[PDB]
Amino acid sequence: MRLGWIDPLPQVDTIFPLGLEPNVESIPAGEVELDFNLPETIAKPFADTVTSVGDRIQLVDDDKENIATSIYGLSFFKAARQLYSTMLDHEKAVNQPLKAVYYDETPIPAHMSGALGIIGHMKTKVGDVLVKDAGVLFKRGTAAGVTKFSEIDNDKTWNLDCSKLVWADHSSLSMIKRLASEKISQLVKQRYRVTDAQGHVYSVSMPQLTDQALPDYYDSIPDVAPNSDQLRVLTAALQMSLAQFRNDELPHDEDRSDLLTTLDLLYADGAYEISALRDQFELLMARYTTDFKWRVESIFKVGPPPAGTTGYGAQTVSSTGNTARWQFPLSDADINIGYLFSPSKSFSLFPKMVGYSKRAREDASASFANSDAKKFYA
Amino acid sequence: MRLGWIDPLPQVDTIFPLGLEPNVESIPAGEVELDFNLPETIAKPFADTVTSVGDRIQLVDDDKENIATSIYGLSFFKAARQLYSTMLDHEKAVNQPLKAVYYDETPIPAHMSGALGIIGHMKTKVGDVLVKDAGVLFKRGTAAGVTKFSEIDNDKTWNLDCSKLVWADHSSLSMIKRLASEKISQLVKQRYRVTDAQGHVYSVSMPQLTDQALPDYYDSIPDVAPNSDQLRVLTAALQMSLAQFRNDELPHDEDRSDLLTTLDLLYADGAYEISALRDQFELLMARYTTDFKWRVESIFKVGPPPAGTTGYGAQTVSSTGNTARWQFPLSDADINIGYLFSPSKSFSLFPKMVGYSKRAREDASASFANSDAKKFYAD
Amino acid sequence: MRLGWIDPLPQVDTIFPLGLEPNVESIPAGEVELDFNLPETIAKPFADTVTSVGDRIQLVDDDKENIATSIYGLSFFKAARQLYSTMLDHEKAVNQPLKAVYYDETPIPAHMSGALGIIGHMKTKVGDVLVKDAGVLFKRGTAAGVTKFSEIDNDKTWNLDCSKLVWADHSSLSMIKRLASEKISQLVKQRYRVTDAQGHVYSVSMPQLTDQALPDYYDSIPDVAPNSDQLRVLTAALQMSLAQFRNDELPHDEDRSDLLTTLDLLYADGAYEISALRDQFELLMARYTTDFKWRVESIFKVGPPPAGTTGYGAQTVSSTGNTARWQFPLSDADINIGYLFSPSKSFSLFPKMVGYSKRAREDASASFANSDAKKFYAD
Amino acid sequence: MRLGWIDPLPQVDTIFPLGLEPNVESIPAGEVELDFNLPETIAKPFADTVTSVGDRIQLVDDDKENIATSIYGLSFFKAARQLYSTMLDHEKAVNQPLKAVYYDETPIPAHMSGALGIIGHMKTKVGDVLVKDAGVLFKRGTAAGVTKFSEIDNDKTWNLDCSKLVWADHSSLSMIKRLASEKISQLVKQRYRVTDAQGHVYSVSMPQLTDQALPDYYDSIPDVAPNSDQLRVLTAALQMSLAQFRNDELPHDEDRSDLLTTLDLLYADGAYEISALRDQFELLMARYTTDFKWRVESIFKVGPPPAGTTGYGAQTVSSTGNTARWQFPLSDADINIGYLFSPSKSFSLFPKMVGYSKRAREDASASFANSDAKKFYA
């Protein structure tokens, strides 16, 4: 049955079979932007007990700290697994290389596993609600685990803020492009005075990038306008081709260095390059098995990592102090797990349905109405 | 009981004793803007059909028109009744003067009634979704019926475009100011190239009403800027009080005739002034009862005018060609009726819930984690 | 089910369909500060009574003392167990290192147990009322038992005033900073007359830490001001991070030895350092089991150590002379026990509820008024 | 029975009959500060319908407006009645003169009457919770009604902000004195630099009025200190005698004019003088009976004015937008009426109980303990 959100019209009769069946037009019908730190927020409680209980057992110093570190790292690695598991067909295709992350079934504290299960795209009564930028996130979540594990050995090869990383694939590109538009319509709100011979000092702002073509918009940018340089870069970025972005040959000869530094991003290359992560992951996993698995599993009741098909309402909650906040009706456990880990940054539902009709409205109505005509009697 | 919009999470209750109960943080939950002509879109089929059935009692061509004209006006009046019937208690209150429109129960064609029954505020499993500017609409809907009826005799006293009327009350003022803000930001999108002692062509544009003080924003408007006049009026309107709106004393010595002529509205006064509308309504109704009721009821199967407490999903449907579009899941009845009369201009659902826990997150988290605790450190 | 604290209002339900449900807006609902010596106040009667019953098994004078001394220490350890048993999950968590104190079930005199059973956080029909600085208390209570037991042999390793100990954790730091603020505003009440080039005697005083920035407040401290030094240390403490507190790197190059010597606290380190306390506890307990348990249990009727989940009203009672004082209604048991051991230093109940309506006040009001409506204008 | 707020101790036995029965020590055990406008907030809805419905009936212009005005005026007059009805014995004594306000039983819209019923002192399971400054409020509420009614004739004899009025009785005095202390510890928080030969510019504030005697505190006030003059006045006020205040002969020769203007108060005299209000009330009432009673009663279903013995929990609620806020558990109707009229400015509960014992604690405890002694057997 359909969503019983509102009451159904008391079957206003007549109307021949127009054939208006429902069809989703909005693909996706909604998005959720998960908080990059969700996996950290989740591991926290466990990693913590590893520090408190540690001393009573003979787990101390460097060791106590590595065991705790592992939990954060596995938390990221396992959260990646989940997300990938719920990705669209092509999304999995594109991330083919890191599929080893998805396959690994290293156990984790049971409830930590349960919590990670809320992550992922959702099938819902109004359409598909997706995890915005899954591709980027899946890769960031992975880099994060490799990075966290690196702390064990202080190995600074993997030493970057993984939240900022962006690769040279399409998933990252769209994000770059979006974040660009964001900035422009953000900077353009600024004012600057133009003291002219004809009429003293004015007060105007950089024109909003409405219907004007990207090229022209670029030129039409006055060095005097606040953040002139940035507008240039970002506009240029709106023009880039995945290839251009990948080779620092940004249109209007701008620098990727600036584009990225403007959007406070980082270019994943060298160590954080897809391939490199794959290998490093495999090592970290083989290392974890021998060296830390036994402790971790002797401290907690562990269970298999999640690897479901859908995420859950919980991904829609936000927390602060003792209050939770959501938009559409959630179950109780959804609201609870939601309040514990405050998984979302933003959430948008925006369904759109469509129906087709055999006949046009005029005749359809003319008939609807005609039912009230009285029969000429005698 | 909660909207089964998505699949629920299967979980262990260590957490469960928290207290997080859902509370409606913001009111209302949604909003629907109705197409002003909805009453006409519905009346139309019936009005037209009169050319046929009018013969059952041999109506002359002239009379057939008046009967039809009545069905249009009648539609408006009954649609108003419905809307008013669903209004929040404050709105029913302020609109007390025209309550006769709500009280009157003149029968209308049966199906004509059914269709009208879809309009008005609607309570949903997500909260209340209101008809945008219901108060203004209710009066416009009323004025429209008074005008349609004023066609039976070429009486030009009531001869305006009711779809533009605004009165001297808060419901209207509030809408005025909103249309002002929208209009502004629409104009601030234009570009005029001011050539200075500096450089040459400077394709620039007027600042956006971001964080300025209304008074200041007014001053800082470059006489040169495209549609610089409008920006002045409109900015002024955003300031004007209800009081000033009546007396044409728009802050920066601006004319209301401009404010209205800009937003394309008419100042409902004189003839279209509430109390005048009341009397006019009471009369036209009396006339209808003595000159047409019998004819109309001898032609069509009539029924009681809608006057329920909720609107329906149908109000959220839009039609164009042979396609119909909505947003949230609707029943078939709603889709069909909705398709026939394409009743909505816009529709937004923006529910906001909030809950409080009796436990700090740090503690609740602690417990959640202690679930996987082993004997050597569990309680 | 709600606290029948006051008589309910008798009313007509036109209003009732609003949704205003009570939600706990702020946590916790109350707070109780316990007198540190509560364990001693309770042990005392039993310890003393040993001079009598000790004869049942002919204990030499020396042994009688050790037995008594044990009853004091034992009291502390068991009071800690209780408090810990009632702590919020986060506190039980962070205090994991000393959980052996909670685990141990050494029997104590029956009534001695009952009395101790009153301590700890308490859930009430108003919310949770917490034991102020429970975390710090739990460790101090623990250190105290370790110290009392260290008297059996003149072992001076543990010979401090546990009632002043503070550790390098948040629970302590948080308390430190609070005692700092209080101390400041206590000093800022003094008056020193600075004679200027202007006028003569200017009975003045140091500014109150109202809206200044901590750094600035520090600078602006007049070398002349009474207890000007303390104000410096204390202001610094209000800044210092947990990190800095460990390493004696107090912001404005201040000494922790002063901060502590000012607030009259001791830095729990070395001997009184958590892990050291654990080992020490485990040992003294083992010793008690082999050298006194039998004697103690041959003298008194013993029972299991308290370890429930809630404290009781008694914790909110204060005694002086033959008068006993409390605030909110207590049972007799609570008043009596409370009177015997005057367990509280302070007690505050500050519940805060919040509710949301699904109706704007203006509408709800409208309805409320429409109740007295007459026919000519009612729906 | 006692308040079942928390769980009772599991009867820890022994303890001879110490005789510790409970006794309230705090009289009052709590206070509520009602919002001066409560009666206006209440009449609003009714006065409003008098304006909307007015036109359909032949009620218009001056008339429509007077009927509406009446409702506000009666609202104040009836709210005064209620409050007086619940005042302590002496409180009624002191306001003896305005007892006519209490006796008048003019009907009012039924539910408007019901709402006013929440006003007044409360008897509660922890003691007596009083309406702070009832005497002052009762008189203000009365003046307010006389003032509102004056609008009918534009008669500006009664043309003052009644919220500020203070009379020369004790009730008002205590208030003045309290509001003084408030201001001092408020102004004293301010700083001012004292540039000295010995050590450049300092930074100090007016000393808090702690244990110093009022007289000395007065003198010790430097003209340089921010708001020097006010501190003087207010300190002087803390010293006034009801008599001094009544004759403008404030200690340290200060002016009542300033004391009042500092505390943004007004001296009720001349027209707003107790006696004068009494007479005017009587006229307003006789006028209302003839001239407006019939309309008012033909628009609403009316009922007798409230005149109860206690106020109610509702007086404890605060409203804003769609949220209500209270402290201690209230019924549902209490929370509801509370949200509709947001009656309180502040609310404080602060019980204090006392018990006496036949024996001192030492022996009492020595015995409690002695029950665990084992009997020397064979």
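Residues numbered from 1 in each chain as written, not as in the entry; some residues may be left out. Chains lettered and ligands numbered in written order. Part of a larger assembly, values for the part shown. Heavy atoms only, no water.

Listed as the method for this PDB entry is X-ray crystallography; the listed resolution is 3.30 Å.

A. Inspection of the overall build of chain B at higher detail. Counting its secondary structure elements, chain B contains 15 helices and 14 strands. Relative to a compact globule of 379 residues, whose C-alpha radius of gyration would be 21 Å, chain B shows 27 Å and is clearly more extended. Across the 379 residues in chain B, those meeting the buried criterion constitute 56%. Taking the contacts inside chain B whose residues are at least 6 apart along the sequence as the reference set, 73% of them involve residues at least 24 apart. Split by element, the accessible area of chain B, about 15300 Å² in all, is 48% carbon and sulfur. (Helix = DSSP H or I, 4+ residues; strand = E, 2+ residues; numbered from the N terminus. Rg over C-alpha atoms; globule rule 2.2 N^0.38 Å. Buried < 20%, exposed > 50% of the residue type's maximum accessible area, 1.4 Å probe, protein only. Contact = heavy atoms within 4.5 Å. Areas by Shrake-Rupley, 256 points an atom, 1.4 Å probe, with all protein chains shown as cover.)

B. Fine view of the UniProt feature "domain: PsV capsid protein C-terminal" (unreviewed entry) in chain B. In the numbering used here, UniProt assigns the feature "domain: PsV capsid protein C-terminal" (unreviewed entry) to residues 294-344 of chain B. Structurally, residues 294-344 of chain B is divided into 31% helix and 20% strand, and its ends, taken at the C-alpha atoms, are 34 Å apart. (UniProt positions renumbered as here; feature names shortened; annotations may be inferred.)

C. Expanded view of the domain arrangement of chain B. Residues and elements named next belong to chain B. Assigned domains of chain B: these are domain 1 (1-151 + 274-379) and domain 2 (152-273). Here the C-alpha centre of domain 2 lies 30 Å away from the C-alpha centre of domain 1. Taken together, the 25 residues of domain 1 in the interface contact 22 residues of domain 2. Both sides of the domain 1 and domain 2 interface together cover about 1900 Å² of buried area, and 55% of this is carbon and sulfur. Counting the contacts that link domain 1 with domain 2 gives three salt bridges. Two residues, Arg 178 and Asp 133, come together in a salt bridge whose shortest N-O distance is 2.5 Å. Going through the elements one at a time, α2 (61-86), α6 (134-149) and α12 (274-291) are the ones with two or more residues in the side of domain 1 that touches domain 2. With 10 residues, the single largest contributor to the side of domain 1 that touches domain 2 is α6. Here the residues of the side of domain 1 that touches domain 2 are counted per class, giving 10 nonpolar, eight polar and seven charged. (Domains from an automatic or database assignment. Buried area = accessible area lost by both parts, 1.4 Å probe. Salt bridge = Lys/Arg side-chain N within 4 Å of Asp/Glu carboxyl O. Nonpolar A, V, L, I, M, F, W, Y, C, P; charged D, E, K, R; others polar.)

D. Region of interest: the interface of chain C and chain D. The interface is formed by 107 residues belonging to chain C together with 112 residues belonging to chain D. Of the roughly 9900 Å² buried between chain C and chain D on both sides combined, carbon and sulfur atoms contribute 63%. Connecting chain C to chain D are six salt bridges. Across the pair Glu25(D) and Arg325(C) runs a salt bridge whose closest N-O atoms are separated by 2.7 Å. At the junction of chain C with chain D, the criterion picks out 44 residue pairs in polar contact. Per element, the largest residue contribution to the side of chain C that touches chain D is nine residues, and it comes from helix α14 (residues 332-341) of chain C. Residues belonging to the side of chain C that touches chain D are distributed by class as follows: 58 nonpolar, 28 polar and 21 charged. (Polar contact = N/O pair within 3.5 Å; in protein donor to acceptor, adjacent residues only side chain to side chain.)

E. How the structure looks around the environment of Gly117(A). By secondary structure assignment, the location of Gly117(A) is in the loop between α5 (110-116) and β4 (122-124). Excluding residues within four positions of it along the chain, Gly117(A) makes contact with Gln82(A), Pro306(A), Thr310(A), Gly311(A) and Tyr312(A).

F. Looking closely at the interface of chain B and chain A. With 107 residues of chain B in contact, the opposing surface of chain A contributes 112 residues. For the pair chain B and chain A, the summed buried area comes to about 10000 Å², and 62% of that belongs to carbon and sulfur atoms. The largest per-residue losses of area from chain B upon contact with chain A belong to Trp5(B), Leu9(B) and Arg361(B), which jointly make up 9% of the total buried on that side. The interface formed by chain B and chain A contains six salt bridges. The tally of links between chain B and chain A comes to 44 residue pairs in polar contact. Looking at which element gives the most residues to the side of chain B that touches chain A, the answer is helix α14 (residues 332-341) of chain B, with nine residues. Each residue belonging to the side of chain B that touches chain A can be placed in one class, and the counts come to 58 nonpolar, 28 polar and 21 charged. Where strand β14 (residues 353-356) of chain A lies against strand β12 (residues 323-326) of chain B, four bridges are found, and the strand directions are antiparallel. (Pairing = 2+ DSSP bridges.)

G. Summary view of the packing of helix α2 (residues 62-85) of chain A against helix α12 (residues 274-291) of chain A. All names here are of chain A. Running from amino to carboxyl end, α2 crosses α12 at an angle of 130°, the nearest separation of the two axes being 12 Å. One way to sum up the angle between α2 and α12 is to call them oblique. By crossing handedness, the relation of α2 to α12 is classed as left-handed. Along the contact surface, α2 presents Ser 70, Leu 74 and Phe 77, while α12 presents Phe 281, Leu 284, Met 285 and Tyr 288. When grouped by side-chain class, the residues that make up the contact of α2 with α12 number six nonpolar, one polar and no charged. (Axes fitted to C-alpha atoms, helices over the stretch in contact; angles between N-to-C directions. Parallel < 35°, antiparallel > 145°, perpendicular 65-115°, else oblique. Left-handed = near helix turned anticlockwise from the far one by under 90°.)

H. Just the sheet that holds strand β2 (residues 30-34) of chain C, in detail. All names here are of chain C. Taken in spatial order, the four strands line up as β4-β5-β2-β13 in an open sheet, and their pairing is mixed. Here the strands that pair on one side only, and so sit at the sheet edges, are β4 (122-124) and β13 (344-349). Within this sheet the neighbouring strands show an average axis-to-axis angle of 15°, counted without direction. One ladder, built from three bridges, connects β4 with strand β5 (residues 127-131); its direction is antiparallel. Bridging from a neighbouring strand, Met 122 pairs with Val 129 of β5.

I. Expanded view of the pattern of salt bridges. What the rule picks out here adds up to 84 salt bridges over all chains. The salt bridge partner of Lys164(C) is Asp161(C), with a shortest N-O separation of 3.8 Å. A residue is classified by how much of its surface remains accessible, and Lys164(C), at 24% relative accessible area, is partly exposed. What makes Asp161(C) partly exposed here is its relative accessible area of 35%. Salt bridges sharing common partners tie together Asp153(A), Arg287(A) and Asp291(A).

J. Representation of the domain arrangement of chain A within the structure. Residues and elements named next belong to chain A. What the domain assignment lists for chain A is domain 1 (1-151 + 274-378) and domain 2 (152-273). For domain 1 versus domain 2, the distance between C-alpha centres works out to 30 Å. Around 1900 Å² of area is buried between domain 1 and domain 2 when both sides are counted, 55% of it from carbon and sulfur atoms. On the surface where domain 1 and domain 2 come into contact, there are three salt bridges.

K. Inspection of unusual backbone geometry at higher detail. With omega at 0°, the peptide bond leading from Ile27(B) into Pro28(B) counts as cis. Considering the arrangement of structural elements, one finds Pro28(B) in the loop between β1 (23-24) and β2 (30-34). In this structure, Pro28(D) follows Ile27(D) across a cis peptide bond, with omega equal to 0°. By the secondary structure assignment, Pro28(D) is in the loop between β1 (23-24) and β2 (30-34). For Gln58(B), which is not a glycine, the phi torsion comes out positive at approximately 50°. The class for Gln58(B) is exposed, based on a relative accessible area of 64%. Notably, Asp248(D) is not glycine yet its phi reads approximately 60°, a positive angle. Within the secondary structure, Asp248(D) is located in the loop between α10 (242-246) and α11 (256-262).

L. Inspection of the side chain of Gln208(B) at higher detail. Within the secondary structure layout, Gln208(B) lies in the loop between β8 (203-204) and α8 (214-219). With residues near it in sequence (within four places) discarded, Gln208(B) still touches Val188(A), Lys189(A), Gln208(A), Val188(B) and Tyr217(B).

M. Up close: the packing of aromatic side chains. Within the structure shown, the criterion is met by 55 aromatic pairs over all chains. With a centroid separation of 6.4 Å and an interplanar angle of 80°, the aromatic rings of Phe149(A) and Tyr288(A) are classed as edge-to-face. Within this pair, whereas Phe149(A) is found in helix α6 (residues 134-153), its partner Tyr288(A) is found in helix α12, the two being separated by 139 residues in sequence. Assessed through its relative accessible area of 3%, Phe149(A) is described here as buried. By the ring-pair criterion, three or more aromatic residues cluster together here, those being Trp5(A), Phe328(A), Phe347(A), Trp5(B) and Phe328(B). Over the aromatic face of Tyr377(A) sits the side chain of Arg56(B), whose NZ or CZ is 5.1 Å from the ring centroid. Taking the ring centre of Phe245(C) as reference, the NZ or CZ of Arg256(C) above it sits at 5.7 Å. (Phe/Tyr/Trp six-rings, centres within 6.5 Å; stacked < 30°, edge-to-face > 60°. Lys NZ or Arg CZ within 6 Å of the ring centre and 35° of its normal.)

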